[PDB]
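Asker: Okay, here's the structure, questions in a sec.
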Amino acid sequence: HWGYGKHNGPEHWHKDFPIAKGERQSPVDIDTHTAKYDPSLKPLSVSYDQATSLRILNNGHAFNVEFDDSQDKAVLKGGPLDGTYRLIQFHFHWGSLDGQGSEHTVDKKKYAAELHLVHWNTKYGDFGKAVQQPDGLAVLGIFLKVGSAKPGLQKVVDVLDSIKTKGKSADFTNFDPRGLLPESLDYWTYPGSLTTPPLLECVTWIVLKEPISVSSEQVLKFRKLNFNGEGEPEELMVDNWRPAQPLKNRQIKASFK
Ligand SMILES: O=C(O)c1ccccc1S
Ligand SMILES: [Zn+2]
């Protein structure tokens with residue numbers, strides 16, 4: 001199946017998932033000079049105080065931190081969004097080297113990694129029905145650069161050696177995703193897609209301008225995970241990013257002047 005290698009990576013995905021060449025694929029390059037301030041944007045509200053994390057899973061692509069989304073607990077609203085979107089999971093994309101790893105780029109600059117906090121529109125009842133809708137999902141995208149450590153990341157880093165291989169999971173209760181947010185909520189937004197198969201075109205992307213800093217030691221631990229399952233040859237989990245796709249008939253809006 002699909003992955004990030006030479007023979008199954010992003011340039012092959014279109015064969016099984018033809019929407020890979022669709023009209024609102026993600027990620028994209030964010031040209032900061034072309035992005036326009038949008039005064040119709042409402043203030044963004046990231047309300048994560050009652051978040052209930054449950055588990056961390058290596059899915060042979062990245063690792064997912066999953067949340068209990070059975071009640072309105074951790075939600076994203078305002079900004080470009082109509083209504084209330086509930087956090088269901090987060091994960092990252094990263095590189096083999098600090099010069100690459102993010103999926104969005106900013107004036108062609110690649111960051112060392114990118115965090116995606118995935119939410120679904122509660123008007124659609126569950127995540128499965130939300131991914132059949134053009135406004136089913138909202139993904140909050142946050143860049144990571146290598147510099148000072150991010151303390152609120154360390155609980156994630158320290159659990160990784162327990163989910164080294166594909167199919168492994170661990171308890172991951174009481175993790176507070178507020179510790180992953182930068183100071184500013186300035187952001188860019190545009191309509192796009194999931195960035196792994198099945199590449200569904202359901203996402204309002206909200207990409208924060210301010211990166212968070214993580215330490216070289218934190219990101220090195222990401223790079224010690226494995227794409228392979230236990231008892232199989234080691235293939236390090238690195239470079240699990242999709243590159244920027246054509247912007248097509250879209251405009252990137254900025255929340256800031
Ligand atoms: O983030 C993604 O791109 C993704 C892709 C497939 C399934 C779930 C997700 S959340
Ligand atoms: Zn992602």
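We name chains A, B, ... following the order of the structure tokens; residues begin at 1 in each chain, and ligands are numbered from 1 as shown.
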Do you know which residues are within 9 Å of ligand 2 using only C-alpha atoms and all ligand atoms? Can you write them as number ranges by chain?
Answerer: A: 62, 90-93, 103, 114-118, 139, 141, 194-196, 241-242
Asker: Mind writing the picked residues with N, CA, C and O atoms as a tab-separated table (two decimals), in the first residue's frame?
Answerer:
chain	number	residue	atom	x	y	z
A	62	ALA	N	2.70	7.72	10.68
A	62	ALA	CA	3.13	8.74	11.58
A	62	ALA	C	2.68	8.16	12.94
A	62	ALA	O	2.36	6.97	13.02
A	90	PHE	N	-4.36	14.29	16.89
A	90	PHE	CA	-3.25	15.07	16.25
A	90	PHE	C	-2.15	14.17	15.88
A	90	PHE	O	-1.98	13.05	16.38
A	91	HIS	N	-1.33	14.65	14.94
A	91	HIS	CA	-0.14	13.91	14.51
A	91	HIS	C	0.83	14.91	13.92
A	91	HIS	O	0.51	16.09	13.79
A	92	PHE	N	1.98	14.42	13.49
A	92	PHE	CA	3.02	15.26	12.90
A	92	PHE	C	3.49	14.66	11.61
A	92	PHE	O	3.30	13.49	11.29
A	93	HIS	N	4.18	15.51	10.85
A	93	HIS	CA	5.01	15.13	9.69
A	93	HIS	C	6.40	15.71	9.94
A	93	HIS	O	6.52	16.85	10.44
A	103	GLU	N	4.84	20.10	5.58
A	103	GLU	CA	4.01	19.88	4.37
A	103	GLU	C	3.67	21.25	3.81
A	103	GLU	O	4.04	21.51	2.64
A	114	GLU	N	5.73	19.53	11.09
A	114	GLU	CA	4.44	20.25	11.09
A	114	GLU	C	3.47	19.38	11.90
A	114	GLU	O	3.37	18.14	11.64
A	115	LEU	N	2.75	20.00	12.82
A	115	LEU	CA	1.74	19.38	13.65
A	115	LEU	C	0.37	19.68	13.00
A	115	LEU	O	0.09	20.84	12.64
A	116	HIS	N	-0.47	18.66	12.96
A	116	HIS	CA	-1.84	18.77	12.46
A	116	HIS	C	-2.75	18.36	13.58
A	116	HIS	O	-2.75	17.14	13.99
A	117	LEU	N	-3.58	19.29	14.03
A	117	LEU	CA	-4.67	18.97	14.98
A	117	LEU	C	-5.95	18.91	14.18
A	117	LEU	O	-6.35	19.93	13.56
A	118	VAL	N	-6.56	17.70	14.13
A	118	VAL	CA	-7.66	17.43	13.21
A	118	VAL	C	-8.95	17.50	13.96
A	118	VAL	O	-9.10	16.87	15.06
A	139	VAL	N	-8.32	21.60	10.05
A	139	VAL	CA	-7.05	21.17	10.54
A	139	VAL	C	-6.28	22.42	10.95
A	139	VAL	O	-6.15	23.36	10.15
A	141	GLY	N	-2.78	23.69	11.66
A	141	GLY	CA	-1.41	23.33	11.26
A	141	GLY	C	-0.44	24.24	11.96
A	141	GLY	O	-0.62	25.45	11.99
A	194	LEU	N	-7.22	16.47	3.09
A	194	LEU	CA	-6.30	15.64	3.93
A	194	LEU	C	-5.02	15.48	3.13
A	194	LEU	O	-5.04	15.47	1.86
A	195	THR	N	-3.89	15.27	3.80
A	195	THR	CA	-2.62	15.22	3.06
A	195	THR	C	-2.05	13.80	3.04
A	195	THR	O	-0.99	13.62	2.43
A	196	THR	N	-2.87	12.84	3.49
A	196	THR	CA	-2.53	11.40	3.25
A	196	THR	C	-3.74	10.80	2.57
A	196	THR	O	-4.86	11.28	2.72
A	241	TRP	N	6.19	13.38	4.79
A	241	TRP	CA	5.52	14.62	4.35
A	241	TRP	C	5.19	14.53	2.88
A	241	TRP	O	5.99	14.08	2.06
A	242	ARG	N	3.98	15.02	2.54
A	242	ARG	CA	3.60	15.33	1.21
A	242	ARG	C	4.07	16.71	0.79
A	242	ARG	O	3.97	17.67	1.52
Asker: For residue A:97, find every residue with an atom within 10 Å (counting only C-alpha atoms), except residues of its own chain fewer than 4 positions away, and show them as number ranges by chain.
Answerer: A: 101, 112-113, 219-220, 223, 238-239
Asker: Just to be explicit: take each residue in the selection above, keep N, CA, C and O atoms, and write the result as a PDB file, in the first residue's frame.
Answerer:
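New file result04.pdb:
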ATOM      1  N   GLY A 101      10.639  18.670   6.206  1.00  0.00           N
ATOM      2  CA  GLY A 101       9.707  17.891   7.049  1.00  0.00           C
ATOM      3  C   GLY A 101       8.337  18.449   7.074  1.00  0.00           C
ATOM      4  O   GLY A 101       7.379  17.694   7.246  1.00  0.00           O
ATOM      5  N   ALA A 112      11.130  22.084   9.975  1.00  0.00           N
ATOM      6  CA  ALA A 112      11.607  20.725  10.336  1.00  0.00           C
ATOM      7  C   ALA A 112      10.457  19.777  10.566  1.00  0.00           C
ATOM      8  O   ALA A 112      10.633  18.569  10.413  1.00  0.00           O
ATOM      9  N   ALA A 113       9.272  20.298  10.832  1.00  0.00           N
ATOM     10  CA  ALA A 113       8.135  19.386  11.035  1.00  0.00           C
ATOM     11  C   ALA A 113       6.898  20.219  11.010  1.00  0.00           C
ATOM     12  O   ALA A 113       6.924  21.457  11.026  1.00  0.00           O
ATOM     13  N   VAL A 219      13.185  16.248  18.242  1.00  0.00           N
ATOM     14  CA  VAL A 219      12.945  15.775  16.870  1.00  0.00           C
ATOM     15  C   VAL A 219      13.761  14.519  16.456  1.00  0.00           C
ATOM     16  O   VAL A 219      13.271  13.639  15.741  1.00  0.00           O
ATOM     17  N   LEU A 220      14.971  14.330  17.046  1.00  0.00           N
ATOM     18  CA  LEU A 220      15.748  13.117  16.811  1.00  0.00           C
ATOM     19  C   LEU A 220      14.967  11.901  17.265  1.00  0.00           C
ATOM     20  O   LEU A 220      15.079  10.821  16.639  1.00  0.00           O
ATOM     21  N   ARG A 223      12.506  10.652  14.795  1.00  0.00           N
ATOM     22  CA  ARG A 223      13.227   9.983  13.683  1.00  0.00           C
ATOM     23  C   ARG A 223      13.726   8.599  14.033  1.00  0.00           C
ATOM     24  O   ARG A 223      14.248   7.912  13.151  1.00  0.00           O
ATOM     25  N   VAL A 238      10.855   8.623   8.753  1.00  0.00           N
ATOM     26  CA  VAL A 238      11.326   9.976   8.447  1.00  0.00           C
ATOM     27  C   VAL A 238      10.806  10.377   7.077  1.00  0.00           C
ATOM     28  O   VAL A 238      10.492   9.538   6.225  1.00  0.00           O
ATOM     29  N   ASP A 239      10.703  11.709   6.894  1.00  0.00           N
ATOM     30  CA  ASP A 239      10.200  12.202   5.588  1.00  0.00           C
ATOM     31  C   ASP A 239       8.825  11.678   5.209  1.00  0.00           C
ATOM     32  O   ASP A 239       8.530  11.313   4.042  1.00  0.00           O
TER      33      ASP A 239
END
Asker: If you run DSSP on this backbone, which residues of stretch 9-237 of chain A come out as strand (DSSP E), and could you give them as a PyMOL selection string?
Answerer: chain A and resi 29-30+36-37+44-47+53-58+63-67+75-78+84-94+105-106+113-121+137-146+169-171+187-192+203-208+212-214
Asker: If we count only C-alpha atoms, what is near residue A:10 at a cut-off of 10 Å, once residues fewer than 2 positions away on the same chain are taken out, given as a PyMOL selection string?
Answerer: chain A and resi 2-8+12-14+20+195-197+240-243
